[PDB]
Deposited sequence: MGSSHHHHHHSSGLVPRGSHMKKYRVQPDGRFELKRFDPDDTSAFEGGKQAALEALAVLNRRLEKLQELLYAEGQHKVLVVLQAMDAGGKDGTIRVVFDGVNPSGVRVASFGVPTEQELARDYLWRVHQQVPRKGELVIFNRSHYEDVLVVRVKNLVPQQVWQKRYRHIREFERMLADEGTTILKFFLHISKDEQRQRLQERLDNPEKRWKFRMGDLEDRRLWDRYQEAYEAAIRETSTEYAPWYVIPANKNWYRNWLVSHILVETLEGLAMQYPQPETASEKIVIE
């Protein structure tokens, strides 16, 4: 798509994106599930081509507020790939060894190699999101990181990495409903922690942090896509569509090449 791609003009406004927007797809849930199965079959062939050709490196970054759909998006990408060529690198609370080096160290370690597709569940962007919102480093420090990120991603892209960054955009009320469903389910309540409730108060600070991160780092070589994600079906379809179209654009070729006894 083009309406969801954030232009590299530094004029991005998050208020312009409605989490309930479903306008790029004509039809609803059922037609989208059918379109998604078609995309999965296309993705299987494209991922196998990615691997067999062994030249491109594909990085998919997923960022979202908790219950925003990162987990669900990973599952629908995996529905259309060979797990031997695709992996998830997730980024959680940094360890002492990770904090003992620059914040990009643990992230750079996990970049896709040639013929590989890697999904970052959270990423280096957390170092300008939770780090900024919770003041884990002073502003003097984290404000410099927007340039570090643009330049790290420029180097990655110049050296052969195709970068797709998706912000799965849900509303506060949608998050409320999804978090209540987790609490009410005995098989999901383990996902609740001490402080999750008081973190909801920081909703607006996170939205500002996301808007600043996206505006600062959406570039030609590393675009951000804002995905209206209140509807799981639309989020899954749209992310799959963008990923498949991006892979098609690489114009990948099988390597150039008998009766077995």
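Comparing the deposited sequence with the modelled residues, the stretches lacking C-alpha coordinates are 1-20, 278-283.
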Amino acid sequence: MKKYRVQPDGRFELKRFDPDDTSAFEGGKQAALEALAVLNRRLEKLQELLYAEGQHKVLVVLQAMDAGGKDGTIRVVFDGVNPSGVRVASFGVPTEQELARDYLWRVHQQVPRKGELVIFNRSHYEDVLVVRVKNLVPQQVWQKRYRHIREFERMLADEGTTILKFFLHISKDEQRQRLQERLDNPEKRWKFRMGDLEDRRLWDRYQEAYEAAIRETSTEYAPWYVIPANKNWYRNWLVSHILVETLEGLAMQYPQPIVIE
From here on, numbers count along this sequence of modelled residues.
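Between two forms, the rigid core is defined as the largest C-alpha subset superposing within 1.5 Å.
Superposing on the core and measuring CA offsets in 4 other deposited structures of this protein, the stretch of 71-79 and 169-177 with the greater mean deviation is 71-79. When the other structures are laid on the shown form by the rigid core, the stretch among 87-95 and 186-194 with the greater C-alpha deviation in 4 other deposited structures of this protein turns out to be 186-194. Modelling of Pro257 is missing from a third or more of the other compared entries in which both of its neighbours are modelled. Annotation for 235-243 versus 12-20: the higher mean temperature factor (C-alpha) is found in 12-20. 56-64 and 201-209 differ in mean CA B-factor, and the higher of the two is recorded for 201-209. Highest CA B-factor among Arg189, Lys165, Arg87, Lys144, as stated in the entry: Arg189. Of the candidates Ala35, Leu49, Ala222, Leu43, it is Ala35 whose Cα B-factor is highest according to the PDB record. For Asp184, the recorded CA B-factor ranks within the highest third of the chain. Only modelled residues enter the ranking. Placement of the Cα temperature factor of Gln177 within the chain: highest third of the modelled residues, per the deposited record.
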